[PDB]
């Protein structure tokens, strides 16, 4: 109800040019058009607010990923879509990206970053499962170690999101993706 009102606002702010700095509960209570006192009648703490966004993020990405695995059988085609998914989500959610990159959580309690870490651990496991299965599905595996291959993929992704935030959202992740994919693909050897 109002709980979503807040979150939706916390993000919009997290996306604005003011998201690059502490988002006080007061300045937040204003965006919502209520009082700080109200805020705490929906959330036990500011931390819980971020925890809910992290949960949303995790849900959107994990769900989308599992669907990708059902709609596509090709090992490579799978990765291509999974990478585009991350880049796409990030681009479509600048504010939530500041959470993915960890920047926004700098003002919050550390435990929240551990959460984003697990999210990533979860995304890596998937990427790893996909390549691990190329063997059964295509007969031949990979030259490079599977684990190392997924980190290389993930690394490119975090890096693209990191830059996206640096430039203040001027450097769009999905830009020239069609031309970039051939480069990442040339790594799956």
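Residue numbers count along the first chain shown, from 1.
For the pair 54-62 and 133-141, the mean B factor over Cα atoms is greater in 133-141. For the pair 180-188 and 4-12, the mean B factor over Cα atoms is greater in 4-12. Looking only at 162, 147, 126, 35, the residue with the top Cα B factor in the deposited structure is 35. When the C-alpha B-factors of 117, 109, 97, 76 are read from the PDB record, the largest value belongs to 109.
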